[PDB]
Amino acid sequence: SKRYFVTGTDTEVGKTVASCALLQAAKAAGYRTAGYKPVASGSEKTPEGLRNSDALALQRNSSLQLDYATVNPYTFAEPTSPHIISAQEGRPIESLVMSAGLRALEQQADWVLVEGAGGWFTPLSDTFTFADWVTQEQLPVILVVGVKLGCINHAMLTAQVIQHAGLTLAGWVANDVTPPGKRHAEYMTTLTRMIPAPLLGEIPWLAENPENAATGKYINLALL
């Protein structure tokens, strides 16, 4: 299977919206797709247990019919850092379980997108961060950049750190979290010059419900 990890310059920059666009483009290319969010925090109660909205977005944008727990094995109700609520609840986030879940999806899918939680260094325990697991698995990384004042600094910090870990930065996606602003073109040119990987596409500001929108057309999958 082709496998990619998606990270962001921060929490709430559109990692989930961009992952749905990537999944839609891959399905259009003919792949059997699966989205995987191994850890999620910020979830609602239902008859079946807790359900996270970002994991549900990945489940319904995958081409295969997948069970919720296969897409998201670790679901926490409170929207905070996973290591805090894991410790509070007495439910360890185990590296072996996260890796087993990825293998289980590779039995049915040939294109798997793994979405992180928060940015690059989100702690999963007191001695283990999400970056440690990505390094262990040697996953190529796609960076989602929310375009806003302050994003050049956060895009360059994340790019340098991935490269120093010896991982491949496969590309980046620009996501327009706000309406058209005055220096949008100049920000796009600087980010293109400075991030050492191809720009895969730009998702526009979409007021109504951008997880459900047909956004695959904004990604050029040939660059991955």
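From 1 onward, residues are counted along the sequence shown.
Would 34-42 or 175-183 have the larger average of its C-alpha temperature factors, as given in the entry?
175-183 has the higher mean C-alpha B-factor.
Is the mean CA B factor in the deposited entry higher across 138-146 or across 105-113?
According to the entry, 105-113 carries the higher average C-alpha B-factor.
Among the candidates 192, 158, 65, 52, give the one with the maximum CA B-factor reported in the record.
Largest recorded C-alpha B-factor: 65.
Among the candidates 71, 152, 131, 96, give the one with the maximum CA B-factor reported in the record.
Max CA B-factor in the entry, restricted to 71, 152, 131, 96: 96.
Looking at the temperature factor on the CA atom of residue 56, which third of the chain's modelled residues does it land in?
CA B-factor rank for residue 56: lowest third.
Among all modelled residues of this chain, ranked by Cα B factor, put residue 209 in the bottom, middle or top third, i.e. lowest, middle or highest.
For residue 209, whose C-alpha B-factor we compare with every modelled residue in the chain, the answer is the highest third.
Per the entry's values, where does residue 199 land by CA temperature factor relative to the rest of its chain, in the lowest, middle or highest third?
As the PDB entry reports it, the C-alpha B-factor of residue 199 lands in the lowest third of its chain.
Would you check the entry's CA temperature factor for residue 169 and let me know if it's in the chain's lowest, middle or highest third?
Ranked within chain, residue 169 CA B lands in the middle tercile.
Comparing against every modelled residue in the chain, figure out the third that the C-alpha B-factor of residue 75 lands in (lowest, middle or highest).
Answer is middle: the recorded C-alpha B-factor places it there.
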